[PDB]
Structures are given as structure tokens and as C-alpha cells.
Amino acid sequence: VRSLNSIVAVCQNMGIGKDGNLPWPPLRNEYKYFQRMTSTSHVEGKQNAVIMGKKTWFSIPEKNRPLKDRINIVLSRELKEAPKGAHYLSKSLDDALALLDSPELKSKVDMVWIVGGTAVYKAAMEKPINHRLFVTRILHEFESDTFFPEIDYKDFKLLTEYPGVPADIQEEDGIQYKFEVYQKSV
């Protein structure tokens, strides 16, 4: 795979989850952003793939699984078979990458998105491959029990602009947030 993309929303404490769910109540516009960015393919006949850990898969309401219009790959060292509704099960990020490179997948897949959690982000960030990280920074603090790993600011450079990503601070439900894009070139 030529390049990876990761997307996450974090609060001021770098928190991403609390008790199996998000630390903050629902933000409609943030959700729409995730859906659009991960579902949009730049090529006809192809779809994007999303890779996620097991607790992230089960955090999605059952009736909404798998994430529509994307090939869903779940990572787990314990499961024997892909959970009901998932397209593929992999035992490491490396296996999932290999999978994608395979014949069947290769022609069917456009972009690859990493959608969490912690260990999934961390493994993707360590690969010496071109990578774009789409971060939503929610400018408030919420209690969290699961955090985003540290990003190497020497490697991942913050872009000042990116096509189709609003620059300004956004606000919804009395909460402000900003979209940032960081890029690592390999």
C-alpha cells in the first residue's frame, strides 16, 4: 500500500474514548465529516477500506455494522473468525496490509483508512510509509479512559491548508473544534 490515512477526534487531554464509547455527546457535523472522508473513493468501481480494532468494531451499534460502502477489516489476536458483518479479520496490521495488497482486494480498494483504537493508530504511525492523519481537535476537556498515542511532530508535519477541510474553528452544540491534517512523507 502506497499510503495510509488515519482519522480520529480527540479532546484537550488527547482522550478518544470513555467506557466503550466517545467521551463527548453526539456531534452531528463531526460524524458527517468522518462518514464523508472515509466513504469517498476517488475512483469508479472501487471502495475505501477501514481497519479497526475489536473494541472499536463492537462500539458500533450492531444494526449499523459494517460501515456501509466500505470494506471493513477488524484486527484481533483472539478471534478465530471475522465477527458477524465484518468483511475480513486480520491478526496484525501487517497481515491486513498484505491482505489489501492481494489480488482480489488490490483492484477493489481505493484508499485505506485507520479508524482506531490506540494500538491500531500506534502501529500505523510506526510504519515507514506515507501517511496522512486527519485530526479533529475538540477544544474542551472530557473524562476519558483511552487516549491517542503521541504523534512524532518531527515526522508528521501540520499542513496549513488541505483541500476540502475547513480552516476556521467550527462550533456545534456549544462546543468548538478544529480540523487539522498532518502528513508524514516516506
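From 1 onward, residues are counted along the sequence shown.
> For the higher mean C-alpha B factor in the entry, choose 50-58 or 66-74.
66-74 has the higher mean C-alpha B-factor.
> Mean C-alpha B-factor higher for 128-136, or for 113-121?
The recorded data point to 128-136.
> State the tercile, meaning the lowest, middle or highest third, of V1 with respect to the CA B-factors recorded for its chain.
Highest third, going by the recorded CA B-factors of the chain.
> Which third, lowest, middle or highest, does the CA B-factor of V10 fall in along this chain?
Lowest third of the chain for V10's C-alpha B-factor.
> Please say which third, lowest, middle or highest, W24 falls into when its CA temperature factor is compared across its chain.
Middle third - that is where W24 ends up once the chain's C-alpha B-factors are sorted.
> Pull the Cα B-factor of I175 out of the PDB entry and bin it into the chain's lowest, middle or highest third.
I175: CA B-factor falls in the middle third of its chain.
> According to the PDB entry, is the CA B factor of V165 in the bottom, middle or top third of its chain, that is, lowest, middle or highest?
Its C-alpha B-factor, which the entry lists for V165, ranks in the highest third among residues of this chain.
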